[PDB]
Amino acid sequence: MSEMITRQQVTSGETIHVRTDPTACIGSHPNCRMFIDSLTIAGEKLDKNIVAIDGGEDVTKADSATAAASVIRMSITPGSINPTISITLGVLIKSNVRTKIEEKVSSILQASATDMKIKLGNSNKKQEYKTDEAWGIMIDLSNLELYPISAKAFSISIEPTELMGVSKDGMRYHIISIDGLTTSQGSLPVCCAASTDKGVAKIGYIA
């Protein structure tokens, strides 16, 4: 049982939870990490400016940016109709961009809440080093579109950190924590203990 997602959770329909270290997406280490190559929030496209490192990747060969955001935590509680989801993303942005994203989200959220979309790009394939000595995914988040259950259930915070220092162009690693989201996607690909433990987690209604 070292696996972030257990076969028991997937078979039973229990809450699925993933969590990595905040800067797991960078550096040379054997721990799990998740990141996505694009991210749009309330229509604002985040720049792909993080040189994120896929599992097992040789960091000395890493040069161009590979990620618009890291996924630091995610919680999905399956629902009969729609799931309830919270997510924590790490982005590299300037202070002025933080304020503009917050304002844009609030504006859409107050106008018509379900129109505020968060669209994730392709997630990395080597997220967790499995028990059979090969890398595999924890959850494939590629192309997932999330939106608020309602304005009242929704919460968002964007906080600056010194985790990646201050880039030469003034950007800091910020942590975006979002709660009260759901999605119309009915399932997600997952992988449990070993690389051969692939499955599909049903999370909601499939028409």
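Residues carry their position along the shown sequence, with the first being 1.
Comparing 43-51 with 29-37, the stretch with the higher mean C-alpha B-factor in the PDB entry is 43-51. Once the C-alpha B-factors are averaged per stretch, 140-148 and 55-63 rank with 55-63 first. When the C-alpha B-factors of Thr23, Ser187, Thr183, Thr11 are ranked from the entry, the top spot goes to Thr11. Ranking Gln110, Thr88, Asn124, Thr84 by Cα temperature factor from the entry places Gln110 first. When all modelled residues of the chain are sorted by CA temperature factor, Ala153 is found within the highest third. Sorting the modelled residues of the chain by their CA temperature factor places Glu133 in the highest third. For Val97, the recorded CA temperature factor ranks within the highest third of the chain's modelled residues.
Sort the chain's modelled residues by C-alpha temperature factor and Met116 lands in the highest third, per the entry.
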